[PDB]
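Peer 1: here's my sequence, what's the structure:
(one chain, ligands or ions: 2)
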Amino acid sequence: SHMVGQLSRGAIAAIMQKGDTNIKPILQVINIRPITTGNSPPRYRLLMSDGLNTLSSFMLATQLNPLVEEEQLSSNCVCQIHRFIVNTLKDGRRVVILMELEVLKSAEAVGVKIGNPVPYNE
Ligand SMILES: O=C(O)CSc1nnc(-c2sc3ccccc3c2Cl)n1-c1ccccc1
Ligand SMILES: O=C(O)CSc1nnc(-c2sc3ccccc3c2Cl)n1-c1ccccc1
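Peer 2: Numbering: from 1, shown residues only. Ligands and ions are numbered 1, 2, ... in the order given. Dropping the coordinates below:
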């Protein structure tokens with residue numbers, strides 16, 4: 001019960017504003033899509049939720065591609081992020097690269113979007 005209490009509420013704002021990387025937040029995957037790479041290996045963009053907010057500017061490190069390609073990491077799964085870095089683009093947007101993560105609960109075991117998160121603004 002209280003499914004939202006499974007997620008690190010407030011982590012998205014903390015990552016995007018304080019830029020603290022010492023945290024190991026538990027987030028839900030809402031959606032995953034490949035992004036166009038020329039002839040580079042595939043790259044995945046994730047829409048993640050901390051229960052309060054969603055954020056669409058997560059990228060998976062390519063070393064984690066098999067998680068997606070063998071379907072252990074998919075929409076609705078709950079993951080703990082163990083290592084990430086934030087990079088800021090020339091235009092001021094920030095991207096969060098997920099380097100290490102652990103799936104705590106598979107999509108099948110969660111089965112739904114937790115809570116009613118709203119998009120994080122900027
Ligand atoms: O529109 C789509 O379907 C793909 S989304 C997307 N595609 N390329 C990027 C870019 S552009 C760029 C330029 C310099 C360094 C990193 C990136 C990244 Cl990385 N993003 C991107 C931009 C902001 C947040 C997340 C991904
Ligand atoms: O795959 C991995 O194991 C790591 S992927 C990765 N790690 N740092 C980055 C960088 S360096 C950098 C410099 C300026 C603006 C954005 C970025 C980004 Cl962002 N990327 C990155 C570079 C190009 C495209 C997407 C991500």
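
Peer 1: now do residue 1: how many residues are near it, please.
Peer 2: Per other C-beta atoms under 10 Å, the neighbour tally for residue 1 reads 3. Using the backbone N, CA and C atoms, a C-beta is placed for each residue, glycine as well.

Peer 1: distance of it from ligand 2?
Peer 2: 37 Å (C-beta to the nearest ligand atom, to the nearest Å).

Peer 1: residue 35 now?
Peer 2: If you go by C-beta to the nearest ligand atom, the gap between residue 35 and ligand 2 works out to 8 Å.

Peer 1: hang on, isn't that residue packed against residue 43?
Peer 2: Yes. Contact criterion C-beta atoms under 8 Å: residue 35 and residue 43 qualify, at 5.1 Å.

Peer 1: joint contacts of those two?
Peer 2: Common neighbours of residue 35 and residue 43, counting by C-beta atoms under 8 Å, 6 or more residues apart in numbering, are residue 59.

Peer 1: please identify which of those two sits among more neighbours.
Peer 2: For residue 35 and residue 43, the more surrounded residue by other C-beta under 10 Å is residue 43, and the numbers stand at 15 against 9.
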